[PDB]
Each structure stands twice: as C-alpha cells, then as structure tokens.
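**Student:** just the first chains of my complex for now:
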Amino acid sequence: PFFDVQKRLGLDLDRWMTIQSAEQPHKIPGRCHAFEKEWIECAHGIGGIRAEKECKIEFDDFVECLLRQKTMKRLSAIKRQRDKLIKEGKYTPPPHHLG
Amino acid sequence: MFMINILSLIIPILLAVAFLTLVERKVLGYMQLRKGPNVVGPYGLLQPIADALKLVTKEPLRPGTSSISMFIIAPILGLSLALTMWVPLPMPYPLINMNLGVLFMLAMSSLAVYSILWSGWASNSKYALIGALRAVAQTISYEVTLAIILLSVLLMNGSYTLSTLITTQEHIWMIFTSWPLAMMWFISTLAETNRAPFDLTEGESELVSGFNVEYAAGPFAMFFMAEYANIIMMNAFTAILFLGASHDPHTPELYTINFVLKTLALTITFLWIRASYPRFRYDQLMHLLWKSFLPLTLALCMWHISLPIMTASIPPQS
Amino acid sequence: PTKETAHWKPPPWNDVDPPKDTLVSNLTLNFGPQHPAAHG
Amino acid sequence: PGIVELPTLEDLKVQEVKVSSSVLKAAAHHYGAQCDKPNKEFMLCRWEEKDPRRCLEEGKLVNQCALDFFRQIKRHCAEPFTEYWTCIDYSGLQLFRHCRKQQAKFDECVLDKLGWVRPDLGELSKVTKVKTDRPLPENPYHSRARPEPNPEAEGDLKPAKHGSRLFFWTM
C-alpha cells in the first residue's frame, strides 16, 4: 500500500483475507494451500523483480493448481485420442469403465 | 415415482385453492348473517366447479392497447411461483430437503412483484397503472419486515434448514418465545397477500381492482389462484414457524394432521380478519410499517440475536 | 470560432438556464361515470 | 517432470469392511474407544507425510483391527446391535436421540461381556498422542532450496558527499 498504516500502528485491517493460506475459518484449507505456501515462503524478503525469476517453477505450479490449464489440456488430448480410436474401433474399455 | 409425488403435491393444492373460494364465501357470509352458497350441490360443495367452468369458458378478452407477451407471461409467473413455492415445506418428510428452504421460499415470495408489475403496466389502464405501483410498493415495503422477522426467529432455530424447524419447537410452541415477533409477522403476511385490511390494491372506489382489471376468464383466474394459494402457503409457513406440532417418526400421519389443522385455523383467522376490519389507506398503510413496524422489528431482532449469546443457548448449527 | 461555434450561445451568469416548457400538471382524473361506489 | 509412484494394484488390495452407515454409526463410540490406536497412528501418518502412498500399511492395520473388533462384537451380543442399527437406520438423520432404549440394551452387553464402556461426551474428542517408529517427514512438501536473502547492509550514516549533488546545489 501507499501509506501502510497497517504495520506501522500495528494491526491487520485487510491482510487477513489477502491470501488463502491464512487462518481460514475452522481450518478450511484452500485448494492450493500447499502451492501458495511454497510460493510465499519462497519469495519473502527477496524483491519482486528478483523473486519473480527464482520463484518461477513454484509460481507456474501454483497457477496450474489454480486453473489446471495444462492438466485439463492433457485430459482433452487423452479424450480426443480415445474417441478417435474408439470410433475407428480397435479396443473396448475394460469393465471398470462401464460397470 | 418422483413425478407422481410432484403431481400429488400440485393437484391437491389446486383442489384446496378451489374449495377455499367456497369456504371464504361461506365463512364471510356466516360472519355477516348470510347462509352462503348452498345451492350448487350439498352445502355448496359443487359451487367452485361451476364458477371454474364458467371462467374457463368465459371469453378471455385481449387488451387492445397491450403487448400480449406480458399479458400471458404475468399469469404464468404468478401461478407457477405460487405453486413451486410450496415445494420445500416440512410436511413430516418435506418433498425437497433444500438446505436453505426458508431463504429459498422467502426469495421466491418476492417474485409476486414480477407478476404484479407486468399485469399493471401491460394491461395499460389507469386503474392498472396506479394499482401496479401501489401494490408493488406495498409488497416490497413489507418484504423487508418479513426478512428481519424471519432472521430473528431463525436465530434460535439453528440454520436455514426448514426441516429442522420442527426439532426447534418440539417441546413448546415457538410463538411462546416470539409472540411479539409473530404478531408482526402474521400482520405483514396479511399485507403481502393483499387482504381486505391491507389490500389497498382493489380499493373498489378509486382502484376498483388495481392489477386484475383487464384480465378476463383464464389469465384472470390464474392470478386468483396465485393469490389464494399464497394464503394457504403463508398460513402454513406461519403454522410451522410458530405453532409447532408433534411428529413421531414411526407415525408420520400425526404431524400431517396437526399441521393441516393449524393451516386451516390460520386461514380461518385470515377470513376472520377480512370479514371485520376496514381497509387501510396508502398513507397509513406505509405509515404502519415505516413509522411503527420497522423500528420494533429492528429492536426485536437485536433482542433475539443478543439473547442466545447471554443465555449460552446458541442453537445447533447442524 | 470557425463555423458551428456561432450556434454556441454563452451560458447565463447564474449558471441556471431559463426554466423550460412548463411541465406542471395534475393529471386530470374523471373518476367515473359508472363507478358504482357512488350509489351508482 | 517426474512420472508416478502409484503402488501396484496388488498393494491397495485390502478386505474392504462392507457394512452399512447405520451399523457403523451404531458401533461408533465403542469402535473408536477400542480401535483408536491404529486409527490415530494412521492419520498421524496421513497428516505428517501428507502422502497416502506412505500410509497404505497404516490403512491395512486400521482395516484389520476394525474387522477384528466387528468379529468380536459378532461373537457376542449382536441382536441388541441388530435392533440398535435397524432403529438408527429408520432415522433419516441417523439420530441417536430416538434409540436410547436399545442403546442401553447394547451398552450393557459390551460392558458385561466384552468389558467396554461408552465414552463420555467429549471423551473421544480430546487430541491424543501416539508413538510411531517411522521417521519424521523432514520435507513433507518436498520443497526445494529456499532462495537466498537480499545482501544484508550495515554501516553508520556518514554525511552525504557534497550534499544533495543535484545540479548546481552546493549543499
């Protein structure tokens, strides 16, 4: 913030909610609590323009935990190939996939 | 058999609304020294059938100065919301166990404005355009009081699960704890359904009907069906909310009988009030809630939120 | 000013424009004539 | 970036205790009181390692211990348990409130035959401790090397050389 009265005069005013690894009500963790813990404790007292590159792999792992872009794309590719070869008809899904 | 249960919900409510149009004309008449309808069948039991057939085969006039889309949609909204707003009621085993049943039904209760406004404006008449805004203001200005009353009452129940409300009462009638609140709630209910003491929309001197003026035959009867279904639905709501009953799980029929008796008693109180009292004036009508009802409701809500804390008697959440 | 600036009348000194066409109306009501709430 | 660690289909093969929710909720307090140790150590493993692939053996242990407990209760009063779990099943919330009669009829058997006591309210809720011979999860998150801090600076403030040094200002 511009004029950070929060840490000067010594109280939290909004910092409780800013990130989702904070003390959530009745210890309900967020979806990416581990990843954002890794990211935050990675980049602490390092400087944003310096920490953005050392804490990179943690950052995109965090972003992929949030959005699952890469994982869902992988699933889409798997489904594409499965439906293609099923339509052109080679194998049948095992009974665990039917019932 | 789910759809069979649905139909067993709608259709009996339809007969209930149908015969309410007979019990009101009998109760009112007996309250004012009139025998009431007893010519169509035994004790007028068949009379609602005849008027329904007449209104179905009465000509539905298309308002020439109107857009038919809303002239047809408004009865749809008013009727369908009124019936689907019966869905989450705690019969001994409620049909749909919605975790926020009370909030669900309170939210749907606000939707009657969305039939009132289109009826009043689309029909395009002076009485219609006046009564639309007047009735809209009525129901919206009483919806707030309904909301704080619901919240303050629920603060002792535990959650918005409307099935556990029975578990809340069990021992004592909930009115014994919130009789000042219920006395407001009931009256606000009387206001939201547009009944003779608080109707203000009919006003058969300067509004005549207010919203159901140009509506004729079927779409006209649909708004009556909505109106006299909200009567039963809100009287049943008040019945469970304040007039609790016993429910043994091995005998579901007992709570059913007790609940229907409570609903009939409350509807009879509705007819009782309308058969006696004069009609409010819009000035006094909104003076009643803005000047008088709302401050008392706010203070009572404060009392009923502070009370569980000081008594160390917060209700169970789950 | 070039051309259209000619039709750009200066604002008044009060900053309030001369009050426009009188919209004051009381929306005449006939309140009848059948109107059975008058003994007919 | 890495592949898998999924244990073999033979590894995650345990006898799945196949009983109903009403039966399980009827056993409950006695089951917990007489089978806490495998359960406690199992989810101590779960919270410490944060890694079920490391706690399959704990799962087998808790399953087998619970199964033994169910075998002993079968060997003894089961008709009171039968009535109790049926009555709990009739409840749509598995409420313990409308079963108290059979509750007594159950609690006495395991008291005078298997030497068990119904845990008091909150008794089976306080956080306990348990010894596990497994080593500590030194890096539960498998975190990498933490970035080095900023270069620490120190030194007393000597006066700025030649004042402001901004354009023509001498001081």
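**Tutor:** Sure, I can see it. Numbers count the residues shown, from 1 in each chain, chains lettered A, B, ... in the order given.

**Student:** for chain D, which residue gets nearest to chain A?
**Tutor:** Across chain D, the shortest distance to chain A (CB to the nearest CB) belongs to residue D:147, at 4.4 Å. The way it works is simple: take the backbone N, C-alpha and C, and place the C-beta from them, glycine included.

**Student:** from the centroid of the chain, which residue is nearest?
**Tutor:** You didn't say which chain, so I picked chain A. Averaging the C-alpha coordinates of chain A gives a centre point, and the residue nearest to it by CA atoms, centre = their mean is residue A:65 (2.6 Å).

**Student:** please go with chain D instead
**Tutor:** Central residue of chain D (CA atoms, centre = their mean): residue D:43, at 3.3 Å.

**Student:** and the host helix or strand of that residue, how far out from the chain's middle?
**Tutor:** Assigned by DSSP states H and E, residue D:43 falls within helix D:21-49. How far helix D:21-49 lies from its chain's middle: 8 Å, per CA atoms, centre = their mean, to the nearest Å.

**Student:** distance of the residue of chain A found nearest chain B relative to residue B:139?
**Tutor:** When scored by CB to the nearest CB, chain A has residue A:26 as its residue closest to chain B, at 10.8 Å. Distance from residue A:26 to residue B:139, counting by CB to CB, to the nearest Å: 39 Å.

**Student:** and these two? Which one has more around it.
**Tutor:** The neighbour comparison of residue A:26 against residue B:139 (other CB atoms under 10 Å in any protein chain shown) goes to residue B:139, with 20 against 5.

**Student:** part of a helix, is the more buried one?
**Tutor:** Yes: according to DSSP: H, G, I helix; E, B strand; the rest coil, residue B:139 belongs to a helix.

**Student:** contact partners for the residue of chain B found nearest chain C?
**Tutor:** The nearest approach of chain B to chain C comes at residue B:205, 4.0 Å away (CB to the nearest CB). Counting by CB atoms under 8 Å, 6 or more residues apart in numbering or on different chains, residue B:205 makes contact with C:35, C:37.

**Student:** how about the secondary structure of it?
**Tutor:** Per three-state DSSP, residue B:205 ends up coil.

**Student:** how close does it sit to residue C:39?
**Tutor:** Residue B:205 is 12 Å from residue C:39, by CB to CB.

**Student:** and stretch B:129-143, how far from the chain's centre?
**Tutor:** 16 Å.

**Student:** is chain C within reach of that stretch?
**Tutor:** No: figure legend: stretch B:129-143 not in contact with chain C (CB under 8 Å from any CB of the partner chain); closest approach 9.6 Å.

**Student:** and the residue of chain A found nearest chain C, how many neighbours?
**Tutor:** Ranked by CB to the nearest CB, the top residue of chain A for proximity to chain C is residue A:2, at 36.3 Å. For residue A:2, the neighbour count with other CB under 10 Å is 4.

**Student:** here's chain E, drop it on:
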Amino acid sequence: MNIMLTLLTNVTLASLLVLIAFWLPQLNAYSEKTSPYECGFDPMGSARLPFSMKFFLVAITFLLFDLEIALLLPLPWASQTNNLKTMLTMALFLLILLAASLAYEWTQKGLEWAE
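**Tutor:** Just below you will find chain E, in place on the chains above:
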C-alpha cells in the same frame, strides 16, 4: 434433476392452464370491444404518461435497506463462531446502523411519503 424436475412440472402445468384459458373460448372479435375502460368511460389519453410521483424515495430506501438486510442475513451461521464477543458487537453495530439510517430518513422528512 429432482428439483429441476419439479420446476419443469410446475411451469408446464401453468402453461397448459394459460393455453386452455386463451384458446378454448370463442370470441366474435368485434372492434368496439377494444375500447379501453375507466369506471364506465375509457382512460382518455393516459395510462402510459410519465407518472409524476413522490413515493420514489420510499422505493429507493427500500433497496438501500435491502442491501443491509442482505448484509445481516449470514447471522444464523455467524452465531456459530468462537469469538462471540466480536460478532455480538459488530452485528449490533449493523442493526444500530439500520436504525440510524431509518432515523435520519425519519427526521429529515425522507421516509415521510413526499407530498
């Protein structure tokens, strides 16, 4: 599914009622029926003119109170918190602010239905 099935059943049922209502009866369809109505007369040249009104203020203070009602709705869940003292003071703040808004509405005409 279930809930959605009930909503579907109700909307279709309502639409059948309106369809029978609007289609079954027979009308001669003569012109002079279309003339509008007002207690014997027609509504002259009105029923769509802009409505010079005053209770607009009541209508808008409705909404302004409805926001705060939404704010205080989470109370039944909120009462199940560890730090009950802060919840008590701050909810009491919310209702006090409700009352203060109503009072300022009151003394400064406001909720007084304008004339």
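
**Student:** could you re-examine the contacts of residue B:205 with chain E now present?
**Tutor:** Going by CB under 8 Å, 6+ apart, residue B:205 touches C:35, C:37.

**Student:** again, 10 Å this time
**Tutor:** Taking CB atoms under 10 Å, 6 or more residues apart in numbering or on different chains, we find residue B:205 in contact with B:279, C:31, C:35-38, E:39.

**Student:** returning to what we had before: buried residues in the helix holding residue D:43?
**Tutor:** For helix D:21-49, a neighbour-count test (16 or more other CB atoms under 10 Å in any protein chain shown) marks D:22-32, D:34-36, D:38-42, D:44-45, D:48-49 as buried.

**Student:** so which bits of chain E are right by chain A?
**Tutor:** E:77, E:80-82 (CB under 10 Å from any CB of the partner chain).

**Student:** what are the ranges of the helices in chain A?
**Tutor:** When secondary structure is read from DSSP state H, chain A shows helices at A:5-8, A:33-42, A:48-54, A:57-67, A:69-87.

**Student:** out of those, deepest packed?
**Tutor:** Comparing these by mean neighbour count (mean count of other CB atoms under 10 Å in any protein chain shown), helix A:33-42 ranks first with a mean of 19.

**Student:** mind giving me the packing neighbours of that helix?
**Tutor:** Judged by 3 or more CB pairs under 10 Å, 6 or more residues apart in numbering or on different chains; DSSP states H and E, helix A:33-42 is in contact with helix A:48-54, helix A:57-67.

**Student:** again, 8 Å this time
**Tutor:** When contacts are defined as 3 or more CB pairs under 8 Å, 6 or more residues apart in numbering or on different chains; DSSP states H and E, helix A:33-42 packs onto helix A:57-67.

**Student:** starting at the chain centroid, how far to the helix it packs on?
**Tutor:** Counting by CA atoms, centre = their mean, helix A:57-67 comes out at 4 Å from the chain centroid.

**Student:** which residues touch it?
**Tutor:** A:31-32, A:35-36, A:38-39, A:42, A:52, A:69-71, D:144.

**Student:** scan chain E for its longest helix.
**Tutor:** Longest helix in chain E, counting residues (DSSP H): helix E:84-107.

**Student:** tell me which residues of stretch B:79-95 come out buried.
**Tutor:** B:79-92, B:94-95.

**Student:** that one near chain D at all?
**Tutor:** Yes: judged by CB under 8 Å from any CB, stretch B:79-95 and chain D are in contact via residue B:93.

**Student:** got the residues of chain A near chain D?
**Tutor:** Going by CB under 8 Å from any CB, the residues of chain A near chain D are A:34, A:37-38, A:41-43, A:45-47, A:50-51, A:54-55, A:57.

**Student:** what about the residue nearest to residue D:61 when sequence neighbours are not counted, distance to residue D:69?
**Tutor:** Distances taken as CB to CB, 6 or more residues apart in numbering or on different chains put residue D:38 closest to residue D:61, at 4.7 Å, once the chain neighbours are dropped. Remark: distance between residue D:38 and residue D:69 (CB to CB) = 10 Å.

**Student:** chain F goes on too:
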Amino acid sequence: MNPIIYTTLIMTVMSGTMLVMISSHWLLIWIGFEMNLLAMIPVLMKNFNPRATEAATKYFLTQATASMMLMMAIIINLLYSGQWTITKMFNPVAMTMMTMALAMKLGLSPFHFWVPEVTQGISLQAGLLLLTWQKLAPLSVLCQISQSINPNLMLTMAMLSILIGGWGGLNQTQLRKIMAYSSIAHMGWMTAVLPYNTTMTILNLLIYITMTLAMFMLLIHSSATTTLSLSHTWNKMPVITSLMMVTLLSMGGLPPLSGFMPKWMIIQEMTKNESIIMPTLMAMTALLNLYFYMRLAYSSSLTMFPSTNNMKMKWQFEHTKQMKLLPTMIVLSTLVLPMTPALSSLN
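**Tutor:** Chain F now in position relative to the chains above:
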C-alpha cells in the same frame, strides 16, 4: 445543504481517498473508489441547477463504468494469480484493463471528455474539490502498480493527455473550462513520468495541487467564471489580479517560478533513461498551455479592461469570507525552486 451534512460529505470523500492510499487488499481499493464516487455526487449537486445535474450525471456514468472495469482487472488478476494483494500484475490484459479503468477516472486519454464538461457544470468550489482531491486516489493506485505497466501505453496516454489538454483550452473563455484543460495537461505531465520513477510524479502532483488551490481560491476570491468577468475584476481587486498574473506565470513553468521545477525534474529523469525524444514533445506543447495562460494574464492584469458604472459601488464592500491558507498557498506555488533538493524527502 445542511452544514453538518456538507461536513459529513467532506470527510466521507476524504476517507474514501484515505482507504485507497492505505489499504492493501484490492477489494478495499475499489470500495474506497466508490465511497468517494457515492460521496462526491451530492456536493456537485449542492447548487442544484440543471447544469449541475448534467455534470453530476456525466461524472456518475464515466466513473461508474471506470470502477466496473476496475473490478474487471481485479477479477482477472485474481483469476490468474489468486492474490488480492496490490502488486505487479500477473496477467497483461488485466494490467491494461486497470490502466484504462483508472485513466477514465483521471481524464488522460480520449477518456477525458467528461472533465471539462463536469467542471463547466458545477460551482467553482466543487471544481477545486474535483480537480484537486479526486486525483490522489488514482495516482496512488498507479504508483503502487508501477512495477508492470506497459510503458508504451502509459507514455502515449500521457502524450494525448497533455496534447488535447493544450489544444482544447485555446478556444475556451470559461475559466472553469480552461482550468480543466490545464489540469488535463498536468495529468499528462505527471503520468508521463509515472512509469519511470514515482517520486517525480508525486512531486509534480504536489506542485499541481498547490498551484490549483492557489488558483481556484483566487477565482472565487474574485468571483469570476468568464474571461470578461475576470477582466472586470482588474479594478476591485488589483492585488488579487496581480497575484492572479504571477501564478499564471507559474502555470507554464517559466523559471524561476515553482511551475518550472516539475517540468525540469521530469525532463531530467526522462533523459537519464534514454528517453530524449519524448520530453521534447511536452517541452514544446507546454507553449500551448502558456498561450491561453498569457491570454488570461492579458485579460486580467497586463491590460486594463473596460469596467462598468454600477461596479463602483462594489468598491464600498469588502470580501468577508476569509478563505484561509491563500497567502501560503500562493507562496508555496511561486517560490520553491531554491528548495528543489527537498524532493528527496518524498523518496
């Protein structure tokens, strides 16, 4: 307008800005923005004339749209990073979106047609409020996010800001309108150096602020809205019109007056960072400002203007409203150049 109601509108506007420059959660920044929006509309409607209604309506529409796009940027960087903390953005289009959302609140780019009009509509005190206080919040947000702003975007936006600020004021006689255009020019001036180093845009904000109070207080000490009306005031208040002239000299940035210092500082740091073409454009275009500045000076003090017969009884009456801080307000906006090193205090 109840005096106490007006005070409570004062401090809710000021608290809305304070919430902006003290909060860290992004939602709180938005909340302060609309607190200020919701609070400043009534004071703009204090006079209650149809021009005031026009100005308030245009302000409301522009600022409401801008705040909604602010939440759009908010939601996007939340979606792409899950962090409400105000810092460098992690999605580019979110950064751009916030850039135009704030700019519409500042009046920099073609999102600047509102400010001259709204300034025309409202009273001059509301003009002082609008063109002084309702900049601190968007500038503060732009300062906090200077880590990742598209330099091309900010630079071109500031360039149009100053350019149409200079050109628009040429054909305006209403003092409120020329002041709005001058403020647009100063908006471009600080926002040009915003990406490079925020200390200098803070300094230029301070100088523009002090100059703007020193200006508006002189206007409503002379009670003039048109150039001819100010020209008639060469008589009654000769000292006020002489100070009028000296601060109108401080306007453009003629040395050694105060207004030259921010231009000098901005150009020097722009040249420190290889931007040598860029500063010359505002350096030239400041003459556009100086043009109608000189026109205002000629109408005010340098040339005597034909007064009016009735005007003489005004000689018998004295300004009773003191309108305090005006002396130091003039002085800080005229002679602070020998104190340029003090800029390091802000850093």
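
**Student:** quick recheck of the contacts of helix A:57-67 now chain F is there?
**Tutor:** For helix A:57-67, the external contacting residues (CB under 8 Å, 6+ apart) are A:31-32, A:35-36, A:38-39, A:42, A:52, A:69-71, D:144, F:79-82, F:90.

**Student:** make it 10 Å
**Tutor:** So helix A:57-67 is in contact with A:20, A:30-43, A:51-53, A:55, A:69-72, D:1, D:143-144, D:147, F:78-83, F:90-91, going by CB under 10 Å, 6+ apart.

**Student:** again, but for stretch E:32-51
**Tutor:** The contact list for stretch E:32-51 (CB under 10 Å, 6+ apart) reads B:59, B:61-66, B:121, B:123-130, B:133, B:205-206, B:208, B:213-214, C:23, C:25, C:27-38, E:27.

**Student:** which ones among the residues you listed map onto helices?
**Tutor:** Using DSSP H, those in helices are B:121, B:126-130, B:133.

**Student:** shouldn't residue F:39 be within a helix?
**Tutor:** Yes: using three-state DSSP, the assignment for residue F:39 is a helix.

**Student:** neighbours of it, how many?
**Tutor:** 19.

**Student:** hmm, it is touching residue F:16, no?
**Tutor:** Yes: between residue F:39 and residue F:16 there is a contact under CB atoms under 10 Å: 5.8 Å.

**Student:** contact partners for whichever residue of chain C sits closest to chain B?
**Tutor:** Using CB to the nearest CB, the closest approach of chain C to chain B is made by residue C:37 at 4.0 Å. Applying CB under 10 Å, 6+ apart to residue C:37 gives the contacts B:203-206, B:208, C:31, E:39.

**Student:** how about TSV for the residues you listed, with distance to residue E:32 added?
**Tutor:** TSV is the format used below for those (distance: CB to CB, whole Å):
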residue	distance to residue E:32
B:203	28
B:204	26
B:205	27
B:206	26
B:208	21
C:31	23
E:39	18
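
**Student:** ok, so of those, who is nearest chain A?
**Tutor:** Nearest to chain A out of those is residue B:203 (CB to the nearest CB; 51.0 Å).

**Student:** ok, the closest one touching residue B:134?
**Tutor:** Yes: Residue B:203 lies in contact with residue B:134 (CB under 10 Å); the separation is 8.4 Å.

**Student:** joint contacts of those two?
**Tutor:** In contact with both residue B:203 and residue B:134: B:210, B:282, using CB under 10 Å, 6+ apart.

**Student:** which residues of the stretch 1-150 of chain F lie near chain C?
**Tutor:** Counting by CB under 10 Å from any CB, the residues of the stretch 1-150 of chain F close to chain C are F:47-52, F:54, F:120-123.

**Student:** now residue D:139: which helix or strand?
**Tutor:** Assigned by DSSP H and E, residue D:139 falls outside every helix and strand.

**Student:** and for it, the neighbour number?
**Tutor:** Neighbours around residue D:139, by other CB under 10 Å: 8.
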